[PDB]
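Protein chains in written order, with the numbering used here: chain X, 228 to 307; chain S, 164 to 242; chain P, 503 to 610; chain W, 665 to 771; chain V, 3 to 97; chain F, 13 to 108; chain Y, 2 to 95; chain R, 2 to 95. Positions of the beta carbon are idealized from the N, C-alpha and C atoms, including for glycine. Worksheet: one structure, shown below.
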Amino acid sequence: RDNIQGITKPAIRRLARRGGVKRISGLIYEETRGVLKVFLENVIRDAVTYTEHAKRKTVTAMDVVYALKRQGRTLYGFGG
Amino acid sequence: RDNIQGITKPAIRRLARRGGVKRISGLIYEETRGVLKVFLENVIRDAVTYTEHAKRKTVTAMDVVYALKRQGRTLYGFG
Amino acid sequence: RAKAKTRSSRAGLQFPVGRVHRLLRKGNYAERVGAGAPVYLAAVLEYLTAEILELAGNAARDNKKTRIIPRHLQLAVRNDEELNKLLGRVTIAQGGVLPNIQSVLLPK
Amino acid sequence: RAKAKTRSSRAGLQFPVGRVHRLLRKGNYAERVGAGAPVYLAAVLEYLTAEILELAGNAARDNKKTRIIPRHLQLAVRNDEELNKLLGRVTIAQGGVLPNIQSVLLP
Amino acid sequence: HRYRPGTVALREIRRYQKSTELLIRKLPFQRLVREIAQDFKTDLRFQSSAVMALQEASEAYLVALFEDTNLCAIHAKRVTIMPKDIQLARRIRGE
Amino acid sequence: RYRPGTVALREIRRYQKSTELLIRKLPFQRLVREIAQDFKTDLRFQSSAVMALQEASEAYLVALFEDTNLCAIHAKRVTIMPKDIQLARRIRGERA
Amino acid sequence: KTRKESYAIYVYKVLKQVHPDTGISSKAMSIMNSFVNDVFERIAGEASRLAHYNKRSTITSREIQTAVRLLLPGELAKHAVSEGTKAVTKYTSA
Amino acid sequence: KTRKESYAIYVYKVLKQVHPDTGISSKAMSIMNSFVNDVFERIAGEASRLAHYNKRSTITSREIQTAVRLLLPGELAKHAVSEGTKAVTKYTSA
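In structure tokens, the structure reads:
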């Protein structure tokens, strides 16, 4: 399952456009995919640890929010 | 009292040399002095608040340590 | 027995003093909680909420809308220096980004 | 009565288990503290202390010195990836900096 | 008729800074999240809110990183962002 | 005579090997007292407090100068410029 | 069903006090609730640390005031402090 | 002339276990004591937060283990966990 290619080049281009980037090099996409994979790996590992400590089997939104707060990226909108 | 000028050009040069800087422009000393003044103002304000809450007139090292820690700058070796 | 009146009504607030006191007691914060701490905390929370809601309502009115959406909250937070500093490391869902473009990229 | 044996000796540790238990109970962390938590905490603390002390002693030995000074502690911390990550926002007094010169500025 | 290069880019910059939607398709991101979580636990279920929160956090992080990368690229008297800018921004930020 | 860049490299090697403070203690103490005079009057400072402030300030400045050197090298330069300091501070989130 | 306490009605009352003719959506309500919880937790934690530093075992209004002055930046803090006093004194009068 | 508890003797015992012929200065002792205090506070706070999240009033070995796994990075954490487990097992045996 090579789903890291699901983050298509137009999606990364749109994300850069929201950030104010006017011209994008052709090698940006692979680096962006790697960075996204690393960030997701860290957050998901923390969330899975939180879920496993609770003896559950579903990763709830509270676990993701707590993991993001642990990394220092407090997210408003989901849970409390 | 213009003691902000007490941080001399050779001192800033030594600080830059410790950081690996090879060549230094002559227009960065004022910027470094301003940055140092801002950082000191923030830390000392927090330390003075901590001292005032304790009803004291002496700024102990523990107050400075707490002020540094609350800004994510934990310091080891003073308590 | 005299008719019961809430502590928040006594202090002239809108936030619950009793709920804040219960949260402070059950939150494992300190062994004892003073009687004036919940009032202070409720007043501070109400003031902050009123400020941010006023800014968001101003933004929504400037956008010709009669309902507050997370975009308005994001605009209100980011347009105020003190609120931006307070919420510097906070992400608001469905907030977007502040519209700006570097002067270098603009054509001459 | 039976002779008093410290909980640290029973678990084979050197860090105090009773002191850690008292700090946990008096530290306002939770309403109740289990009987096995202080042992786990003391074991973790002892392991971390042994790791950092061994690294600092190795640095001092490689520096051809006997005692341990804060410079050796800084050298031990900054040269280990996991320890550097753990103490990422920690400043050690009289520790200096790791020798690092960029290759661009090299002649 | 054909717009000169850089015009549609500025139009897209203005358009995507006014909207608040998600710029990554939901199904590919959900599949990626499930595949990543497969390496930690087996037979894991995901709430929709968890996937949405992950998507929002990832999008915000990438937007901030791209802003910093654009600043780095402009600093070097350039307009095109390159992987060196991303690496420098990540190094300075402490990652 | 030594060509430029040699004594600078020698100083870089020397100051990266020592652990001593690089700012004179009395001027720094005077500056700290001047800054603290604004928040309160007739304040007393322990020597340990001033030492801790000096150590924290020196470490912060050294880290900032390392980031500034990286920024300057990125722009294909050797000379540190104020714009590099400003960019490093903006990216780190201090002046942002 | 188990009741879920939240800062929903109070935020709406404050909004009606400020903007009598403006509503608020569910997502904005959740964001407001999260913001209130986060600020409450930050202030309470700072107050607890302040109480522990001085070897005292009681959270009073002075600890909350110092925590507010430490956390809230600039003019905001000052205003907040005033509001706090403007409440406590009133609570003493009754 | 009051008692001031510190992690001075235990650090010296560990050092003598690791390096029997190496001494330690006072500044290094202060740094080690501060490091021990900081790590203890971090782990205890994370365990308390974990216990509060799951509506539990007790801090047990599971909470400490999960806090160690969350905080300590890399193989370090794993090794630490092993040590702790062994200790608990020994404390159960006697």
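**Request:** Please compile the residues from chain X whose C-beta is within a distance smaller than 7 Å of the C-beta of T67/R.
**Result:** By 1-based counting over the eighth sequence, the position of residue 67/R is 66. Within chain X, the residues near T67/R are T276 and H280.
**Request:** Hey, could you find the ends of the alpha helix (DSSP H) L555/P is sitting in?
**Result:** Working through the third sequence from its first residue, we reach residue 555/P at position 53. Taken as a continuous stretch (DSSP letters only), the alpha helix (DSSP H) holding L555/P covers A539 to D564.
**Prompt:** By Cβ distance, which residues of its chain are closer than 8 Å to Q49/F, with the 5 residues on each side in sequence left out?
**Reply:** Residue 49/F sits at position 37 when you count from the first residue of the sixth sequence. Excluding residues up to 5 positions away in sequence, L55 lie with their Cβ nearer than 8 Å to the Cβ of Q49/F in the same chain.
**Message:** Restricting to runs no shorter than 4 residues, where is the alpha helix (DSSP H) found entirely within the segment 23 to 107 of chain F?
**Reply:** The qualifying runs are 37 to 51, 59 to 86 and 94 to 104.
**Message:** Can you tell me where the beta strand (DSSP E) holding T670/W begins and where it ends?
**Reply:** Stepping through the fourth sequence from its first residue, residue 670/W is reached at position 6. Counting along the chain, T670/W falls outside any beta strand (DSSP E), and DSSP gives it neither H nor E.
**Asked** So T82/V and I251/X are in contact, right, with Cβ under 8 Å, and what is the actual spacing, rounded?
**Response** Residue mapping note: residue 82/V aligns to position 80 of the fifth sequence, counting from 1. Residue mapping note: residue 251/X aligns to position 24 of the first sequence, counting from 1. Yes, they are in contact, since the Cβ atoms of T82/V and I251/X sit about 7 Å apart, within 8 Å.
**Request:** Give a yes or no on whether the C-beta atoms belonging to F40/F and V222/S are separated by under 7 Å.
**Result:** As a first step, residue 40/F must be located in the sixth sequence, where it is residue number 28. As a first step, residue 222/S must be located in the second sequence, where it is residue number 59. In this structure, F40/F keeps its C-beta atom at 7 Å or more from the C-beta atom of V222/S.
**Item:** Per DSSP, the bridge partner or partners of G24/Y
**Value:** If you number the seventh sequence from 1, residue 24/Y lands on position 23. BP columns for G24/Y point to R569/P.
**Request:** Put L577/P into one of helix, strand or coil per three-state DSSP.
**Result:** The count along the third sequence starts at 1 and reaches residue 577/P at position 75. It is helical.
**Message:** Using a Cβ-Cβ cutoff of less than 8 Å, which residues in the same chain neighbour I756/W once the five nearest sequence positions on both sides are dropped?
**Reply:** Locating residue 756/W in the fourth sequence gives position 92, where the first residue counts as 1. For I756/W, where only same-chain residues beyond five positions count, the Cβ hits under 8 Å are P734, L737, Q738 and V741.
**Message:** Once the 5 residues before and after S7/R are set aside, which same chain residues still bring their CB inside 8 Å of it?
**Reply:** As a position in the eighth sequence, residue 7/R is number 6, starting the count at 1. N34.
**Asked** Between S58/Y and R50/Y, what straight-line distance do the alpha-carbon atoms span, to the nearest angstrom?
**Response** Here residue 58/Y refers to the residue found at position 57 when the seventh sequence is read from its first residue. Here residue 50/Y refers to the residue found at position 49 when the seventh sequence is read from its first residue. Cα to Cα, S58/Y sits roughly 11 Å from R50/Y.
**Prompt:** Taking buried to mean at least 16 other C-beta atoms within 10 Å of its own C-beta, is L64/V buried or exposed?
**Reply:** As a first step, residue 64/V is located in the fifth sequence; it is residue number 62 there, counting from the start. So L64/V counts as buried.
**Request:** Would you mind telling me which residues of chain X sit closer than 8 Å to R70/R, beta carbon to beta carbon, in chain order?
**Result:** Residue numbering aside, residue 70/R sits at position 69 when the eighth sequence is read from its first letter. Per Cβ cutoff of 8 Å: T276.
**Asked** With distances taken from CA atoms, which of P94/F, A100/F, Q98/F and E78/F is nearest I191/S?
**Response** Position 28 of the second sequence, counted from the start, is the residue given in the question as residue 191/S. Selected option, being the one with the closest Cα: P94/F.
**Exposure of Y11/R, with buried meaning 16 or more beta-carbon neighbours within 10 Å** = Stepping through the eighth sequence from its first residue, residue 11/R is reached at position 10. Flag for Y11/R reads buried.
**Message:** On the DSSP letters alone, give me the boundaries of the beta strand (DSSP E) that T237/S sits inside.
**Reply:** Within the second sequence, numbered from 1, the residue matching residue 237/S stands at position 74. Counted as a single uninterrupted DSSP element, the beta strand (DSSP E) harbouring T237/S occupies residues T237 to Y239.
**Request:** Tell me whether the beta-carbon of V522/P lies closer than 7 Å to the beta-carbon of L550/P.
**Result:** Counting from 1 along the third sequence, the entry for residue 522/P is found at position 20. Counting from 1 along the third sequence, the entry for residue 550/P is found at position 48. Cβ atoms of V522/P and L550/P: not closer than 7 Å.
**Prompt:** So is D165/S buried or exposed if we call it buried at 16+ other beta carbons inside 10 Å?
**Reply:** Locating residue 165/S in the second sequence gives position 2, where the first residue counts as 1. In summary, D165/S is exposed, with fewer than 16 beta-carbon neighbours lying within 10 Å of its beta-carbon over all protein chains present.
**Prompt:** Given a threshold of 16 other Cβ atoms within 10 Å of its Cβ, counted over all protein chains shown, does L750/W qualify as buried or as exposed?
**Reply:** Numbered from 1 along the fourth sequence, position 86 holds the residue referred to as residue 750/W. With 16 or more other Cβ atoms within 10 Å, it is buried.
**Message:** Pairs of beta-carbons, one from the segment 21 to 33 of chain Y and one from the segment 554 to 571 of chain P, closer than 8 Å: are there three or more?
**Reply:** With the cut-off at 8 Å, the segment 21 to 33 of chain Y and the segment 554 to 571 of chain P touch.
**Asked** Would you call the segment 595 to 602 of chain P and the segment 10 to 23 of chain V touching, i.e. three or more CB-CB distances under 8 Å?
**Response** Contact between the segment 595 to 602 of chain P and the segment 10 to 23 of chain V is present: 3 or more CB-CB pairs across the two stretches fall below 8 Å.
**Request:** May I ask which residues mark the beginning and end of the beta strand (DSSP E) holding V754/W?
**Result:** Position 90 of the fourth sequence, counted from the start, is the residue given in the question as residue 754/W. Looking at the DSSP string, the run of the beta strand (DSSP E) that includes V754/W is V754 to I756.
**Request:** Could you work out which residue in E279/X, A294/X and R241/X is closest to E268/X when comparing CA atoms only?
**Result:** Translated into the one-based positions of the first sequence, residue 268/X becomes position 41. With distances taken between Cα atoms, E268/X lies closest to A294/X.
**Message:** Just to confirm my understanding: we take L238/S, look at its own chain, exclude 5 residues before and 5 after, and list those with CB closer than 7 Å. What are they?
**Reply:** Position 75 of the second sequence, counting from 1, holds the residue named residue 238/S. In chain order, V228 and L231 place their CB closer than 7 Å to the CB of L238/S, counting only its own chain and leaving out the 5 sequence neighbours on each side.
**Message:** Check whether chain F comes within 7 Å of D41/V, counting only Cβ atoms and requiring the distance to be less than that.
**Reply:** The residue given as residue 41/V occupies position 39 in the fifth sequence. No - not a single Cβ of chain F is within 7 Å of the one on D41/V.
**Prompt:** Taking the C-alpha atoms as reference points, what is the distance between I32/Y and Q18/Y?
**Reply:** Here residue 32/Y refers to the residue found at position 31 when the seventh sequence is read from its first residue. Here residue 18/Y refers to the residue found at position 17 when the seventh sequence is read from its first residue. Approximately 19 Å, taken between the alpha carbons.
**Message:** What would DSSP say about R534/P, mapped onto helix, strand or coil?
**Reply:** Counting from 1 along the third sequence, the entry for residue 534/P is found at position 32. In this structure, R534/P counts as strand in the three-state DSSP scheme.
**Request:** At 9 Å on the CB atoms, spell out the chain X contacts of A91/V, in chain order.
**Result:** Here residue 91/V is taken as the residue at index 89 of the fifth sequence, counted from 1. Going along chain X, no residue has its Cβ under 9 Å from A91/V, so there is no contact; the nearest lies around 10 Å.
**Message:** Output needed in chain order: residues of the segment 23 to 38 of chain F with a Cβ under 7 Å from some Cβ in chain A.
**Reply:** Absent from the structure is chain A; the protein chains it does hold are X, S, P, W, V, F, Y and R.
**Proximal residues, the segment 55 to 69 of chain F versus chain S, C-beta separation under 8 Å** = Shown in chain order are the members of the segment 55 to 69 of chain F whose Cβ falls below 8 Å from a Cβ of chain S: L55, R56, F57, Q58, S60, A61, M63, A64, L65, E67, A68 and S69.
**Request:** Tell me, please, whether the CB atom of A694/W is closer than 7 Å to any CB atom in chain S?
**Result:** As a position in the fourth sequence, residue 694/W is number 30, starting the count at 1. For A694/W, the answer is no, since every Cβ of chain S falls outside 7 Å of its Cβ.
**Prompt:** Among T44/V, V35/V, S51/V and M54/V, which has the Cα closest to the Cα of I271/X?
**Reply:** By one-based count along the first sequence, residue 271/X stands at place 44. Among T44/V, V35/V, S51/V and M54/V, the Cα nearest to that of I271/X is on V35/V.
**Request:** Using a Cβ cut-off of 7 Å, pull out every chain P residue sitting near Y11/Y, in sequence order please.
**Result:** Numbered from its first residue, the seventh sequence carries residue 11/Y at position 10. Chain P residues near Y11/Y: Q516, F517 and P518.
**Asked** Does DSSP classify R240/X as helix, strand or coil?
**Response** For the purposes of this step, residue 240/X is taken as the residue at position 13 of the first sequence. Shown here, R240/X sits in a helix according to DSSP, grouped into three states.
**Prompt:** What in chain P is Cβ-close to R245/X, meaning under 9 Å?
**Reply:** In the first sequence, counting from the first residue as 1, residue 245/X sits at position 18. Within chain P, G598 and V599 have C-beta atoms less than 9 Å from the C-beta of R245/X, given in sequence order.
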